[PDB]
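Beneath this line is the structure, given in structure tokens, with notes to follow.
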Amino acid sequence: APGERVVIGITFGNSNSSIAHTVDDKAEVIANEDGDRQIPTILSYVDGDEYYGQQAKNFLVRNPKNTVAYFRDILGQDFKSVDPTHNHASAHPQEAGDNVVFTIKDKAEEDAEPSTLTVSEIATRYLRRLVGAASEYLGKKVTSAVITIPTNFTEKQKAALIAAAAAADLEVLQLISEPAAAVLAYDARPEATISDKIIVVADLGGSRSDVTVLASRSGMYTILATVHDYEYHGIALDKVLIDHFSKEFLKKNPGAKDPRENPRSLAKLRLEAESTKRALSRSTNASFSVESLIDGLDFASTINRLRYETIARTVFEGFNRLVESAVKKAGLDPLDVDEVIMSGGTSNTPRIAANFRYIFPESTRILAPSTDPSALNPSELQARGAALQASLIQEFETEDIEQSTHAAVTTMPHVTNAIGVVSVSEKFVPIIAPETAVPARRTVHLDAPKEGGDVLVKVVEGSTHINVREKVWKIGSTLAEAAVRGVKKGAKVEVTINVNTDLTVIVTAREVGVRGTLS
Amino acid sequence: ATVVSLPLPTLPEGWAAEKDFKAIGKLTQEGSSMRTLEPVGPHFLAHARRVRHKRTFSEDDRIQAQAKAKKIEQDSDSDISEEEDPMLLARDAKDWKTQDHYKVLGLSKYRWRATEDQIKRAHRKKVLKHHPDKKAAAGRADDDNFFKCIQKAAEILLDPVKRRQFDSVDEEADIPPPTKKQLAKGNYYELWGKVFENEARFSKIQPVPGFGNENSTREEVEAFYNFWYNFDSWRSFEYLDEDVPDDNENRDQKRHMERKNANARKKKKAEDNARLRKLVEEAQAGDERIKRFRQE
Ligand SMILES: Nc1ncnc2c1ncn2[C@@H]1O[C@H](COP(=O)(O)OP(=O)(O)OP(=O)(O)O)[C@@H](O)[C@H]1O
Ligand SMILES: [Mg+2]
């Protein structure tokens, strides 16, 4: 009912999920019964009891055949496109019809045949648990949610997600992209200022990396490019640390059998490497300790920031080549980017943020935890933005939302080139920024001449050009020429340009006037 | 309204117009571009309010065609250059260093010419199709050898330096010496130039000159000759290097083997330079432009 509903924001990734709500028009991320705000997207079964989150990851080693994880991608996907690389730990998907299925023991009695649950069933159960934990935290029953999704989910995947939510008794008001949630999480803050910026969203997760280029003008954003890399990531860093520590164990015990063959040892090493890497992110030094890893023997060591960075250097330039690949795909230059937001768990590490600081000029602002005091948690950005959207959209009806989310509303003539005025001294000044959608009225204040009097406001077209590096403007076709009579010495002239839908351009040059229309 | 501290041009004498305004140009559909917005944020919700007032029911189907103008999603062929790999390349027994590459990833007709995105895309296709997890029931346990081959190829080729060294050591795509006596009548001004571009892989300067034709000017032909004479190869041959224990009794052992590796690589590099110059000289001897130029 429009009068009564309960909305939340959900971020649902391959590695982990998160839930959030809004208190006093401010987004706050919800902790579950375990106290976690970043809840691993892992499900595990012991004696027929359903567990999720930290308990499941801890029980991962104990239960080989009853844990399911990294199933987010599998949703709404055909057998041909299944990606099983990260699913070695998870139970082997069995092609039943068109819907792969996991076979696990979800009953309490020990002599029961294991069930063959679908991926949709598993997502449904996970959404029930998430909603339930949100329900205990809020004291009320959660009824609605906005869930974030990547931009490359197919329509079949969206249908699978909505069907899973419906089976989980959760109606999805809207699906939003993680870059849009990240930008909204900042823009909807009290202290935020709307302004024309080139925004790069770098969402660095566990199994994936996303770099997205957006232009945000007048508080509205237009997608210029997006890239998704599945090769370089925190899991790959986990493997290189497991390798190096394995080395050290092999040297310390001459003859010790190789760790890789034993699954239990593999899982223990990965979980402990994850703990250690997070600790080394926390502070300068970190320690690694495994108990009864093999044959009851024990091991420990210590590692530090610089050594970890050296052993992990190659992935850092892999992230670099990804970011330049994305900028080249967007046809832009690092001098063209205004802000780069670091999102996702991997973004926290200071080194990567400093590396992008070295790649980009100082005029670019890097919003990352270690390089900016006013930054927000990259693991909380998506969930808080989703909660803020689920809050602000409450007023409209369900049909109203279906209509507001149709292509007839979102699509409109964005003006490619820039519109500006020519300044001369004894240069192109942009008023309408490039790639700006139809009626985005803008206003500039210019200086009068040395003595003033009659003054010429000549509005022309403009294009950006890079000179080796420094960005300059290039004057193109001339649009209009107006005159202001008797301007005072030192006065300011106000110039407004409005490029309304119909493509009509209204020009105003009033001193603090001449007005004109271009059909 | 943004304040900018920049001065306006003084109006020239004797200029006027109706209401002091002159319309010269306008914006065009070529001067614009259609992109699609993400339906998020309060300003989008206000825009949606305005559009719902203007049009009510949205013509999604009608405006889908207009939205089609720009697309930011793409799909590619399942197998662009499907390779038979007879008998799984004779079951492709694991043999490190010896095993060829590029053919297993099915990037043939590209080899040295490729981009990271294409390489990753091919990698993902190959792994998905041949992954033991997906098709294990159909006797894929035997195809574990091929699966390890796939991973070895992926690691060898993804990393830039390893791929570059493997390319130099054995491209397996070098054409034989141009314009042999049997291959007579092939144009000396075209076949040789083609060989130069085919063998300009290691050139330290991107604007490499070309052989030219009968009318080619003296300055260009001379610059071409000078550039080739004074080259600067980055190439080297280390994929064939002798193996060493990954855990090595410290720095000393690597240096001890490096000794042999260094003398081998230096002599080999010298021989490669020898061959390169020997070709340059054959071309200089064959080329007739110099003979007419000196007599004049
Ligand atoms: N407490 C933590 N704080 C920060 N990062 C963490 C923490 N615990 C784990 N990580 C790491 O952070 C990364 C998760 O980042 P991110 O939030 O972008 O992923 P996700 O939302 O689960 O999934 P996706 O990559 O599909 O968007 C992983 O590499 C994970 O190992
Ligand atoms: Mg993420």
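Read-outs: derived from the displayed coordinates by stated rules, not from any lab. So basically every Cβ, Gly included, is an ideal-geometry build from the backbone, and we count neighbours across all protein chains shown.
Of the residues A:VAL200, A:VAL183, the single one that is away from ligand 1 (no atom under 11 Å from the Cβ), closer than 17 Å to A:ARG384 by Cα and surrounded by 19 or more Cβ atoms within 10 Å (Cβ to Cβ) is A:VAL183. Residue-level check: of (1) within 16 Å of ligand 1 (Cβ to nearest atom); (2) of a type outside the set (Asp, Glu); (3) in a strand (DSSP E or B); (4) over 26 Å from A:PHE396 (Cα atoms), A:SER207 misses just (3). Can you find, within region A:490-505, the residue that is farthest from A:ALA448 (Cα to Cα) among those that are more than 10 Å from chain B (Cβ to nearest Cβ) and in contact with a strand residue (DSSP E or B) (Cβ under 9 Å, 6 or more places away or on another chain)? Going through the qualifying residues, I end up with A:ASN500. Selection of first residues in region A:204-221 that are near ligand 2 (Cβ under 9 Å from one of its atoms) and of second residues that are outside any strand (DSSP E or B) and among the hydroxyl-bearing types (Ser, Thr, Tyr), restricted to Cβ pairs under 6 Å at least 6 apart or on distinct chains, gives the following pairs, ordered by first then second residue: A:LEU204/A:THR346; A:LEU204/A:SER347; A:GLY205/A:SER15; A:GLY206/A:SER15; A:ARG208/A:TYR230.
Considering region B:1-78, the qualifying strands (runs of 3 or more DSSP E), each wholly inside and each with 1 or more residues that are over 23 Å from A:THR436 (Cβ atoms), run over B:2-7, B:21-23.
Residues in region A:27-36 that are closer than 23 Å to A:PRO190 by Cα and surrounded by 18 or more Cβ atoms within 10 Å (Cβ to Cβ) were compared, and the one that is nearest to ligand 1 (Cβ to nearest atom) is A:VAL29. The number of residues in region B:83-119 that are within 13 Å of the chain's Cα centre (by Cα) and not in a loop (DSSP other than H, G, I, E, B) comes to 4.
Of the residues making up region B:50-68, those that are exposed (fewer than 15 other Cβ atoms within 10 Å of the Cβ) and either more than 38 Å from the chain's Cα centre (by Cα) or more than 7 Å from every other protein chain (Cβ to nearest Cβ) (or both) are B:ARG50, B:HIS53, B:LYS54, B:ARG55, B:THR56, B:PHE57, B:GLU59, B:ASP61, B:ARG62, B:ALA65, B:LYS68. What residue, among those in region A:161-180 that are within 16 Å of ligand 1 (Cβ to nearest atom) and in contact with a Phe, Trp or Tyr (Cβ under 9 Å, 6 or more places away or on another chain), is nearest to A:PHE356 (Cα to Cα)? Here the residue is A:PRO179. Residue count for region A:9-26 satisfying the condition of being within 16 Å of ligand 1 (Cβ to nearest atom) and assigned to a strand (DSSP E or B): 9. Taking region A:71-89 as the range and being among the β-branched types (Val, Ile, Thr) and either more than 11 Å from chain B (Cβ to nearest Cβ) or under 21 Å from the mean Cα position of the chain (by Cα) (or both) as the test, only A:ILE74 passes.
Filtered by the rule that a residue be more than 12 Å from chain A (Cβ to nearest Cβ) and surrounded by fewer than 16 Cβ atoms within 10 Å (Cβ to Cβ), region B:126-144 gives B:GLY139, B:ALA141, B:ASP142, B:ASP144.
A:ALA215 meets the stated requirement of being assigned to a strand (DSSP E or B), under 20 Å from the mean Cα position of the chain (by Cα), away from ligand 1 (no atom under 16 Å from the Cβ) and crowded, with 23+ Cβ neighbours inside 10 Å. The sole residue among A:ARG351, A:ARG365, A:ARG357 that is out of contact with any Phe, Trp or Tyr (no Cβ under 9 Å at 6 or more places or on another chain), away from ligand 1 (no atom under 13 Å from the Cβ) and over 27 Å from B:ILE72 (Cβ atoms) is A:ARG357. Candidates A:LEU237, A:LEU280: the one that is more than 12 Å from every other protein chain (Cβ to nearest Cβ), away from ligand 2 (no atom under 16 Å from the Cβ) and either in contact with a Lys or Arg (Cβ under 6 Å, 6 or more places away or on another chain) or outside any loop (DSSP other than H, G, I, E, B) (or both) is A:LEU280. Scanning region A:441-461 for residues being assigned to a loop (DSSP other than H, G, I, E, B), facing another protein chain (nearest Cβ under 9 Å) and touching a strand residue (DSSP E or B) at 6+ places or on another chain (Cβ under 7 Å) gives a total of 3. Counting the residues of region A:479-519 that are part of a strand (DSSP E or B) and closer than 21 Å to A:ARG441 by Cβ gives 25.
Among the residues of region A:357-408, the one identified as within 13 Å of another protein chain (Cβ to nearest Cβ), polar (S, T, N, Q) and within 16 Å of ligand 2 (Cβ to nearest atom) is A:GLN382.
Okay, residues lined up against (1) in contact with a helix residue (DSSP H, G or I) (Cβ under 6 Å, 6 or more places away or on another chain); (2) surrounded by 15 or more Cβ atoms within 10 Å (Cβ to Cβ); (3) of a type in the set (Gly, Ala, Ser):
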position	(1), (2), (3)
B:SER5	no, no, yes
B:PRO9	no, yes, no
B:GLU18	no, no, no
B:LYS71	no, no, no
B:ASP79	no, no, no
B:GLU82	no, no, no
B:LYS103	no, yes, no
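This table checks each residue for (1) in contact with a helix residue (DSSP H, G or I) (Cβ under 7 Å, 6 or more places away or on another chain); (2) of a type outside the set (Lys, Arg).
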position	(1), (2)
B:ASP167	no, yes
B:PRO178	yes, yes
B:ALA184	no, yes
B:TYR189	no, yes
B:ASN198	no, yes
B:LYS204	no, no
B:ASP232	no, yes
B:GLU242	yes, yes
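A:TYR45 falls short of the stated requirement of being on the phi < 0 side of the Ramachandran plot and touching a helix residue (DSSP H, G or I) at 6+ places or on another chain (Cβ under 8 Å). Of all residues in region A:40-72, those satisfying the criterion of being within 16 Å of ligand 2 (Cβ to nearest atom), under 19 Å from A:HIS92 (Cα atoms) and assigned to a strand (DSSP E or B) are A:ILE42, A:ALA69. When A:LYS257 is tested against (1) within 16 Å of ligand 2 (Cβ to nearest atom); (2) assigned to a loop (DSSP other than H, G, I, E, B), just one condition goes unmet, and that condition is (1).
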